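**Q** Before the rest arrives, take these chains from my complex:
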Amino acid sequence: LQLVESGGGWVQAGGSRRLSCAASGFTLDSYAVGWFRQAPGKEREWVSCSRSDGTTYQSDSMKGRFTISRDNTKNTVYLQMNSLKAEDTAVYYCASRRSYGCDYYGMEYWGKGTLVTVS
């Protein structure tokens, strides 16, 4: 019933940073987990999806710079962000649903988010 993001903070442009999404109240073995982000004044944007079997699909927008992965042992889903630029500044949100894949409108649980600021 709970998703908690962590790993946010300040990054220099061109740098990397890894976000983590820890799930409690269930094992994500049967859940899709997605990463979304919201920049001030803009619509929420889908970033990537880690399916319930570990396969992934990700937004064309990111130009292959981000990779999502999961570790069911720690019940955690990671977002590895590389080659960060200023327009990547946003609140990053973890979300899940009891389904094979994600969905922009149908996610069932959300974390509070964590801020990532790029210089």
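**A** Noted; the coordinates are in hand. Residues are numbered from 1 along each chain as shown, chains lettered A, B, ... in the order given.
**Q** Helix or strand for the residue positioned nearest the centre of chain A, just tell me which one.
**A** Of all residues in chain A, the one closest to the mean position by CA atoms, centre = their mean is residue A:35, 2.4 Å from it. Per DSSP states H and E: residue A:35 is located in strand A:32-38.
**Q** try residue A:103
**A** Under DSSP H and E, no helix or strand contains residue A:103.
**Q** what's the closest non-adjacent residue to it?
**A** residue A:97 (6.8 Å; CB to CB, 6 or more residues apart in numbering). Using the backbone N, CA and C atoms, a C-beta is placed for each residue, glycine as well.
**Q** Test my guess that the one you found contacts residue A:106.
**A** Yes: the pair residue A:97 / residue A:106 is scored as a contact, 6.1 Å apart, by CB atoms under 8 Å.
**Q** So which of these two has more stuff around it?
**A** Legend: neighbour count by other CB atoms under 10 Å for residue A:97 and residue A:106, higher for residue A:97 (18 against 11).
**Q** any idea how far that one lies from residue A:79?
**A** Distance, residue A:97 to residue A:79, using CB to CB, to the nearest Å: 17 Å.
**Q** just residue A:29 next, same as before
**A** 19 Å.
**Q** Equivalent analysis for residue A:34, please.
**A** In terms of CB to CB, residue A:34 sits 10 Å off from residue A:79.
**Q** what do the two both touch?
**A** The contact sets of residue A:34 and residue A:79 overlap at A:47, A:48 (CB atoms under 8 Å, 6 or more residues apart in numbering).
**Q** mind checking which helix or strand the spatially closest residue to residue A:104 that is not a sequence neighbour is in?
**A** With sequence-adjacent residues excluded and distances taken as CB to CB, 6+ apart, residue A:104 is closest to residue A:46, at 5.3 Å. Taking DSSP H and E as the criterion, residue A:46 maps to strand A:45-50.
**Q** Another chain to add, chain B:
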Amino acid sequence: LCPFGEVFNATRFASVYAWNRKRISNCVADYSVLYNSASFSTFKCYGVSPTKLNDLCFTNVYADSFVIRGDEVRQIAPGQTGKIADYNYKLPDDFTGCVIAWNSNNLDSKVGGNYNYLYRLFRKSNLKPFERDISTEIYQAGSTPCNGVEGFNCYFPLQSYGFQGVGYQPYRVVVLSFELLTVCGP
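**A** If we add chain B to the chains shown above, we get the following:
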């Protein structure tokens, strides 16, 4: 009397996303012949004992059939989740019937007919039990509309199986649903 042969012995099976259904009515079925068959890798019944089947009568039997991977056969069961259960073929939690599977590598893979079997990879919501979705609309994963084309964050919803096992090999599957509100044992 029951024409299970057309079901079990068809030369091509359906793709799982477009699973086939045949209604079996007004006939006698010898379920023990099937249950004892050496050909089947899986023969699992729910809500009914496999041995008692020749003693029971049902209003109808529905035979659903399709091809999936061996390591997906576990999803054809009540209470299961995954690509197949969620997006292609879903059994209800209170399923009454049997699930029969056998290896079809020599018929269905590249070493046989080289058939094009497909599955649905994306869907807005999970299927209801025994629901079938044969649509091919482009799937919208982001906020922007697809406009019928696989543009930005938009995906074609079906993918062909590769089959490259045994977990990776094709399995033919027949699900027998037993409806009692016509079809009896000997």
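**Q** back to the nearest residue to residue A:103, now that we've got chain B?
**A** residue B:124 (5.9 Å; CB to CB, 6 or more residues apart in numbering or on different chains).
**Q** Please name the bridge partners of the nearest residue to residue B:42 once chain neighbours are set aside.
**A** Spatial nearest neighbour of residue B:42, excluding adjacent residues (CB to CB, 6+ apart): residue B:101 at 3.8 Å. Per DSSP bridges, the residues bridged to residue B:101 are residue B:42, residue B:173.
**Q** For chain A, see how far away residue B:101 is.
**A** 20 Å (CB to the nearest CB, to the nearest Å).
**Q** burial count for that residue?
**A** 22 (other CB atoms under 10 Å in any protein chain shown).
**Q** what are the phi and psi angles of residue B:105?
**A** Main-chain dihedrals, residue B:105, degrees, to the nearest 10: phi -50, psi -40.
**Q** Could you list which residues are in contact with the closest residue to it other than its chain neighbours?
**A** In space, and not counting its chain neighbours, residue B:105 is closest to residue B:169: 4.3 Å by CB to CB, 6+ apart. Residue B:169 sits next to B:69, B:70, B:103, B:104, B:105, B:109, B:163 when contact means CB atoms under 8 Å, 6 or more residues apart in numbering or on different chains.
**Q** show me what contacts the second one?
**A** For residue B:70, the contacting residues are B:41, B:103, B:165, B:166, B:167, B:168, B:169, B:170, B:171, taking CB under 8 Å, 6+ apart as the criterion.
**Q** Following the chain onward from the strand or helix carrying residue B:178, which element is next?
**A** Using DSSP H and E, residue B:178 maps to strand B:170-179. Next in sequence after strand B:170-179, counting helices and strands by DSSP H and E, comes strand B:183-184.
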